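Take a look at this one chain, the form deposited in one PDB entry, written out in structure tokens.
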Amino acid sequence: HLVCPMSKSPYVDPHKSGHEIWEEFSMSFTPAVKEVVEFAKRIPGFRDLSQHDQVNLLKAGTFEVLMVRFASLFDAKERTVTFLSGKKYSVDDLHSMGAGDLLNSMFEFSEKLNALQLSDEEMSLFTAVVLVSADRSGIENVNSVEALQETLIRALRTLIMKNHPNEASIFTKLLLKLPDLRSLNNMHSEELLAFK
């Protein structure tokens, strides 16, 4: 089994080589990855970062961007995960196929985010913040990335205050999702790299 919803299905043909399995999986997740690249190019200040820092932000942050974008695949009420094919699998079945604490943590994350029911504009600006907030270990011009982060966070505060003048705490709640995403990213990378 391959219990990642970026796949078309969690079932693996055991008579395929590791390479064929990855190739097929890549045909499923690659369009999503390319969509994050096009999204990043549309953050105006992103293009002013060095080419190295652009690539490194995408390398570190693509997972967190997609986690936000695809939080709606996790239906906490139905306890189902929708895979990129549109097929749905119960949490129980996925656990029997080898999913565990990480899947549970993503449900918890998605439930809390899904429940905020952000508008498209709010979700899009939050996602920009997520990308530019990516792990900085690979970054050559930290101050430039921090400046862009600050600019986007200010825009997000302004948008949230417009849209939620009596619930400003939504802005703080969104910032507090950043270390949660970093945790999901760390745990997920461990699972990704352990895949045999």
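Residues that one form lacks are left out of the comparison. Note that the rigid core is defined as the largest set of C-alphas that superpose within 1.5 Å between two forms. For every residue, the number given is its place in the sequence shown, counted from 1.
A.B. asks: Mean Cα B factor from the PDB record: higher for 56-64, or higher for 135-143?
C.D. replies: Comparing averages over the C-alpha atoms only gives 135-143.
A.B. asks: With reference to the PDB entry, specify whether the mean Cα temperature factor is higher for 19-27 or for 168-176.
C.D. replies: Result: 19-27.
A.B. asks: Specify which of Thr80, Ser110, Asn104, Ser85 carries the largest Cα B factor in the deposited PDB entry.
C.D. replies: Of the candidates given, the C-alpha B-factor peaks at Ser85.
A.B. asks: Per the PDB entry, which option out of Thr127, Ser50, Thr151, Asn163 has the greatest Cα B factor?
C.D. replies: In the PDB entry, the greatest C-alpha B-factor among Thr127, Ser50, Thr151, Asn163 is found at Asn163.
A.B. asks: Could you say whether, by C-alpha temperature factor, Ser183 belongs to the lowest, middle or highest third of its chain?
C.D. replies: Bottom third by C-alpha B-factor.
Here the subject shifts to the form deposited in another entry, a form of this protein not shown in this document.
A.B. asks: Out of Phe171, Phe70, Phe46, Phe29, I need the residue that shifts by 2 angstroms or more at the Cα between the shown form and the other one, core superposed.
C.D. replies: So the only displaced C-alpha belongs to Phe29.
A.B. asks: Quick one: once the rigid core is lined up, does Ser124 have its C-alpha move by 2 Å or more between the shown form and the other one?
C.D. replies: No; that C-alpha moves by less than 2 Å between the shown form and the other one.
A.B. asks: Hey, does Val81 budge by 2 Å or more at the Cα between the shown form and the other one once the core is superposed?
C.D. replies: It does, since the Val81 C-alpha is displaced 2 Å or more between the shown form and the other one after the core fit.
A.B. asks: Between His188 and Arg79, do the C-alpha atoms lie closer or farther in the other entry than in the shown form, with a difference of 3 angstroms or more?
C.D. replies: Residues separate in the other entry, at least 3 Å farther apart.
A.B. asks: How does the C-alpha distance between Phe74 and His188 change in the other entry compared with the present structure, closer or farther, given a change of 3 angstroms or more?
C.D. replies: Farther apart in the other entry, by 3 Å or more.
A.B. asks: Upon rigid-core superposition, which contiguous segments of at least three residues exhibit Cα shifts of 2 angstroms or more between the shown form and the other one?
C.D. replies: The runs that move are 23-29, 72-90, 100-106, 189-196.
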